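Below: the structure, in structure tokens.
Computed from heavy atoms alone, side chains included, the values below leave out hydrogens, waters and symmetry copies. Numbers restart at 1 for each chain; the letters A, B, ... are given by sequence-line order, proteins then strands.
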Amino acid sequence: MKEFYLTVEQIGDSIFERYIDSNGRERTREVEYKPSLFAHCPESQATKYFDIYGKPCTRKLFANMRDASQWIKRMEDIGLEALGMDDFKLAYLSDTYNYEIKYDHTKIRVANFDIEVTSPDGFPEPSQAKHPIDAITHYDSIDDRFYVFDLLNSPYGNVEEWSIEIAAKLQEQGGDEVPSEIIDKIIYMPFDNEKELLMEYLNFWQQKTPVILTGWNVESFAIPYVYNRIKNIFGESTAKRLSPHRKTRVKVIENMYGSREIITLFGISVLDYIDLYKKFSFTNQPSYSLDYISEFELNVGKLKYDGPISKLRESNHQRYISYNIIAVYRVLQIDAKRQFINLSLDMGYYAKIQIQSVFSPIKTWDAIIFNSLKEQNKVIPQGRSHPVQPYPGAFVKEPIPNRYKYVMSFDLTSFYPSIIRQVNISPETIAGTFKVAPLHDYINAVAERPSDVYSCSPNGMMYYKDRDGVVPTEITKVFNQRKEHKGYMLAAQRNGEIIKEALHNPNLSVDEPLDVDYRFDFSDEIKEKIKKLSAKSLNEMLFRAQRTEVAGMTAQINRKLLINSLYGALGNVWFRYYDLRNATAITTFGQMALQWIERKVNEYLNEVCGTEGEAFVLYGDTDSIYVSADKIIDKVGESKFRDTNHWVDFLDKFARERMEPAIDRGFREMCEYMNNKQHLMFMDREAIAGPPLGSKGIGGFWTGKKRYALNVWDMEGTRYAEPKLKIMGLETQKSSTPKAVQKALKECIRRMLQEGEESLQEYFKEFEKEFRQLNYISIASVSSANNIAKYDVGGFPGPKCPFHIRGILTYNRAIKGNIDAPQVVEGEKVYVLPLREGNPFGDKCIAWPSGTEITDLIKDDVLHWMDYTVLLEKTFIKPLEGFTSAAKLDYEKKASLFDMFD
DNA sequence: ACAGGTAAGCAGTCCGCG
DNA sequence: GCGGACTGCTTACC
Ligand SMILES: Cc1cn([C@H]2C[C@H](O)[C@@H](COP(=O)(O)OP(=O)(O)OP(=O)(O)O)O2)c(=O)[nH]c1=O
Ligand SMILES: [Ca+2]
Ligand SMILES: [Ca+2]
Ligand SMILES: [Ca+2]
Ligand SMILES: [Ca+2]
Ligand SMILES: [Ca+2]
Ligand SMILES: [Ca+2]
Ligand code: NA
Ligand code: NA
Ligand code: NA
């Protein structure tokens, strides 16, 4: 097989690499890499190398990387550009691996670990590591085993070995319900003293050193705590054994009081799953505890336990260890579903960067753009500094608040990247400029044609229509990657719906879940089968379908992020190729395109419909349009429509056969107008929304920009079995909204769009009535806690002090002294509840770390002093008053002029 | 340092108000 | 007292 790298580091004049050799084994080598840089030179000295702008350059080879470094400063001290890849690590990879990398993931050692640290004080700061490490569960992907290290003797209590048969038993049987599929994979190792455990762990690590190291929060707690614990005991040179090269870096960020550290283990790629989750999951959770996340992702128990975690070890060491093993498996289960590690490897090896670099799109693209240029024997420009500076983005139509029974939406495929490709925007494809007319003249096709020669943007830029650009080239490649995965995804979604309608005719029997590749649309033979299967087999398929979908989603939504981030990069001063001319060429062309098609779509429906001057496009954002379909339906009337499914099928057909064709002609013209390289402005139907036939449901409404809700029946060709709401911007979608309120608000909306005014009213009267019975946590608000101290002003709120921040301050006063209660971590999120006039806390509200139930010290008090009336008005009614006001309804039946009969 | 702009809602502060 | 203009903060849509 082809050789591929594992980890790479630059240490002095040496580049340490861990790789998998031609045979398939893991090796490690030191290399005094001879790097190269470039200097513009006289054309009289023709050569093989030229920068991206065609100017000739000379290559200088250095005896070692340090000389190449000093040469960069010298050129800087002279005032001349020093071209080429300045991060030698990348150069080394681009050099060592002159080809597309095909890697064997079963060869990459992926380790997952978690540690437990009992602590009487409070959260045991890893900068200190003053408490003993009493448990480590480490899973190795090549061994496929969980290596458990248990400390039986500690100054906080001595316990008996952990029982694997007790652990395996069910909760209901006094066991731990440790997943059966991993019981035979556990390797238990009890230790009599902490030193032996740590020492046995280090040797373990040397034999099976991780290439990729992950876990939940391992970077902020596990890794650091282990480093300083082993360091504060066996000495610092021992602590450095965690690095296959014996070199570590400690980054100190002593945020105000208390000190937090970040340890860098050279020769190792650390992918904290929490960071992988926040970047690739596309979610915004009120809490980020593995417990909360596992629940959200896997829908499993809450790992229940009696006393406080600080005493879990002594009273029930049996469960303590079982819970540590599970937390490790939990992250693994999430990964099998989300597949963020696979994504990371894919990207890392595609770009040829250290794997952990996938957290940085700028470095990811610099590597890509760099390699792609090295091929053509070109020299990348030197990174220059630029001052931060604002620039226009997308256009967003101001919508008319109101309801909208029938609405049809259209969007553009990979907009900004497409625009980049169509216009050929790239650092070296610039041709010049042109006197620009007001953007609205291009929108209205009044302005003279920009260029007859070049590709243009309404922002004034011109690019070559012939020559191709690195940016358009490399971005298109990942776009195709994005396209393949979205196809697999929508297919799996289309299958999920086929199974759902099936779960209506579950022909009783004991059957087998079919053998199918859910990425492809179900064949006719299978569709014919399913219909007979039962809930047993059917449901297993639905689960497998949805797992396949999520998998594709991950792969596609993230290739999207990456390409969209290349556009972003262009507007960020640290990007080697930063340039507001292109960034703006992009966004400006974007604004034109949307408003251009807005005009078209309007002209086309004021004609082949009738009424002229009417505005069909009611809303729009960046690259989308929501076309009111009322008239399209009126044209034919409800008559011919047998059922809901009919007009929906009618609209689909109309959008695909009529709408789009016109729209395609609309952008084909705009393309000529700008004389762009290649037409790539593809706008397809998105949603088909309306209320179920003959119902009082308004089926759709808006309150303003970025705040609407539609009753959708088809989304990009997926015809749901049951109508699915599409809500955006409203409180039901915000993580700051109490769980109970989101559920309630969404239901009020469901009723609004689907059933009617009185349906909405009924539910409102009921929710209000039982509201006070809700669970305190389900109705608490959530917010992040930044700059807690800025307004700390002595335990009491300072000027302009934010509400939630005020809540915190009050909390620290109710636990003031009790250094045993949970603290609020700067940056983390917190639950927030209002307090009625007069309370021992003495303030408007109180706030505590999210995902956790406030400690028993305060709980029963805040539970009493809670202010449901404020919670109900601020969180539920106010927002609701906004939805119905825009919908032109009332959640509460207003007294009528007829309230004198009854 | 380490993708980007656009934009809504809440809550605090200051000010004009018989 | 108390709405309204403006700002700081948070969070969602593209
Ligand atoms: C979601 C998102 C969009 N955008 C911009 C660039 C997008 O091309 C533009 C339109 O957004 P979207 O419509 O969300 O996405 P898209 O056009 O890139 O892709 P598709 O619809 O095919 O899934 O908004 C960002 O810059 N960053 C983001 O994170
Ligand atoms: Ca833990
Ligand atoms: Ca869109
Ligand atoms: Ca789009
Ligand atoms: Ca054209
Ligand atoms: Ca189309
Ligand atoms: Ca689409
Ligand atoms: Na159970
Ligand atoms: Na059936
Ligand atoms: Na007309």
Side-chain angles (χ1 to χ4, degrees), chain A residues 87 279 282-286 353 356-367 383 385-399 401 411-412 414-417 419 475 560-580 582-584 586-588 590-591 594 619-625 686 702-708 726-737 781-788 790-791 797-807 827 829-830 832 834 844-845 870 873-875 878-879 881-883 886:
Chain A
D87 187 305
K279 183 176 248 304
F282 284 93
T283 57
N284 195 353
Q285 313 283 17
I353 51 187
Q356 68 258 38
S357 269
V358 300
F359 282 129
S360 176
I362 289 182
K363 180 150 280 302
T364 292
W365 278 113
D366 195 31
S385 67
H386 304 78
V388 183
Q389 169 180 171
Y391 69 99
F395 173 77
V396 181
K397 188 173 177 66
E398 182 72 72
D411 162 42
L412 284 161
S414 188
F415 198 37
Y416 284 17
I419 293 183
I475 211 179
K560 171 173 161 184
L561 168 68
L562 183 64
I563 57 177
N564 283 340
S565 298
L566 174 47
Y567 142 67
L570 295 168
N572 174 291
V573 311
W574 299 101
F575 193 45
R576 179 180 306 280
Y577 313 90
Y578 160 91
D579 197 337
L580 267 49
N582 291 331
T584 290
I586 292 178
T587 65
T588 303
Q591 271 187 46
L594 167 70
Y619 180 55
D621 191 326
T622 310
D623 76 343
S624 63
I625 47 167
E686 200 80 309
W702 261 257
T703 76
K705 288 173 170 177
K706 296 174 179 301
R707 297 192 83 222
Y708 58 95
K726 165 70 145 51
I727 298 178
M728 310 295 305
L730 304 186
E731 286 73 14
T732 50
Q733 315 307 296
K734 297 203 178 189
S735 59
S736 52
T737 294
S781 307
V782 186
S783 172
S784 294
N786 299 305
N787 304 73
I788 309 172
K790 192 177 81 182
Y791 314 83
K800 229 190 186 305
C801 174
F803 194 63
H804 58 292
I805 300 296
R806 175 190 296 279
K829 295 184 184 190
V830 301
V832 185
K844 293 167 62 55
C845 55
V870 174
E873 207 83 6
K874 276 166 48 177
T875 312
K878 189 151 174 55
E881 172 63 61
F883 305 173

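Contact check, A:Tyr791 against C:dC9: a side-chain N or O comes under 4.0 Å of OP1 or OP2. Phosphate proximity of B:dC14 to A:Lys800: absent, as no side-chain N or O sits under 4.0 Å from OP1 or OP2. One finds no side-chain N or O of A:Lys734 lying less than 4.0 angstrom from the OP1 or OP2 phosphate oxygen of B:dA8. OP1 and OP2 of C:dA12 both lie 4.0 Å or more from every side-chain N or O belonging to A:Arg707. An OP1 or OP2 oxygen of B:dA3 is reached within less than 4.0 angstrom by no side-chain nitrogen or oxygen of A:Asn564. The side chain of A:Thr587 places no N or O atom within less than 4.0 Å of a non-bridging phosphate oxygen (OP1 or OP2) of B:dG4.
Distance NZ (A:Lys705) to P (B:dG9): 12 Å, rounded to an integer number of Å. Taking atom CZ of residue A:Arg576 and atom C1' of nucleotide B:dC2, one finds them 13 Å apart after rounding to whole Å.
The nearest heavy atom of DNA chain B to A:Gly568 and to A:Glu398 marks one nucleotide each, and the one closer to the 5' end goes with A:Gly568. Between A:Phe395 and A:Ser565, the residue anchored closer to the 5' end of DNA chain B is A:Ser565, taking for each the nucleotide with the nearest heavy atom.
Heavy-atom contacts from other residues, nucleotides or ligands closer than 6.0 Å to NZ of A:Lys705 number more than 12.
Distance from the side chain of A:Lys706 is smallest to B:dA7 among B:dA3, B:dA7, B:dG4.
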